[PDB]
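This report refers to the structure that appears directly beneath it.
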Amino acid sequence: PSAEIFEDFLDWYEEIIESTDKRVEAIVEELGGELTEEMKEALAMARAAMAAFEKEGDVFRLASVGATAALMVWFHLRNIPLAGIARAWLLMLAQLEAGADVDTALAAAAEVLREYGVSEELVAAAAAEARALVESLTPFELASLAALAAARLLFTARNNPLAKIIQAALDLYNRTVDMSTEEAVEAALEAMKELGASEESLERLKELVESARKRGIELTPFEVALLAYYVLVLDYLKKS
Ligand SMILES: C[C@H](CCC(=O)O)[C@H]1CC[C@H]2[C@@H]3[C@H](O)C[C@@H]4C[C@H](O)CC[C@]4(C)[C@H]3C[C@H](O)[C@]12C
């Protein structure tokens, strides 16, 4: 059912905030359990962050935050360490928006990962790969790039193909930092071809990219790879 949250993010058009609030409240009444103060306050942080992207017109990051909160409550009980990945991303975002240095935001992120049942070997290993990728920048890119490196190593055993999808997007981000916009769309296509992952996905990318280029400002080369990630993941989920 996690493919529902990815499809809703891929769906483009106050509306996104009110739909996200309904989806988070839906997952709460669909999983049954009562919400704790930690998760209640993490949701308020995500709703304040997406409200900040509203007033400044960052519609891509906006729905990205709404998807993290919806996935965070979905993995409340099913996959506890994954909820740590989602909420540590939320904490890194808010702390970086408060003028934090990278080491401080990473150390506070390690606290949250440890608390939600992530082994210290993976916490330190994720803190080592994240520090290198960060020192190559918006706080959105820092929180997402670091949390992606942590999700790859936690995906030992469970969903070990999904680590490849994270691996490629990280390698794609490092190789498209100097490439142009259209050159990065070619590279994202070429990487999607290297992994295959059926067709229709290769078009879903062109749809989302051209949808962002026809209306609004054109997006960053980081956000291209972020778009290609959501297409490949949704392909893998429907394939299963
Ligand atoms: C792939 C994994 C689980 C997917 C699922 O089956 O629900 C999901 C769970 C939380 C997701 C992360 C969170 O949504 C936080 C980040 C959101 C960004 O838009 C992508 C990177 C980002 C770090 C996401 C990477 C990946 O999509 C994660 C780690």
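Following the order of the structure tokens, first chain is A, next is B, and so on, with residues numbered from 1 inside each chain and ligands from 1 in the order they appear.
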I need the residues in region 1-209 of chain A that are helix (DSSP H, G or I) according to DSSP; give them as number ranges by chain. A: 2-10, 15-31, 37-55, 59-74, 80-97, 102-115, 120-134, 139-154, 160-175, 181-195, 201-209
List the neighbours of region 144-147 of chain A out to 7 Å using only C-alpha atoms; skip same-chain residues closer than 5 positions along the sequence, and give me the result as a ChimeraX atom specification. /A:85,89,130,134
May I ask which of the residues A:174, A:53, A:68, A:196 is the closest one to ligand 1, counting only C-alpha atoms and all ligand atoms?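 Closest to ligand 1, using only C-alpha atoms and all ligand atoms: A:68.
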Top pick for closest residue to ligand 1, considering A:108, A:91, A:31, A:55 and counting only C-alpha atoms and all ligand atoms: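 Closest to ligand 1 of all the choices is A:91.
For the set A:24, A:143, A:71, A:82, the residue with the smallest atom-to-atom gap to residue 158 (chain A) is A:82, counting only C-alpha atoms.
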Determine the nearest neighbour of residue 162 (chain A) from the options A:148, A:217, A:105, A:59, counting only C-alpha atoms.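 Nearest candidate to residue 162 (chain A) out of A:148, A:217, A:105, A:59: A:148.
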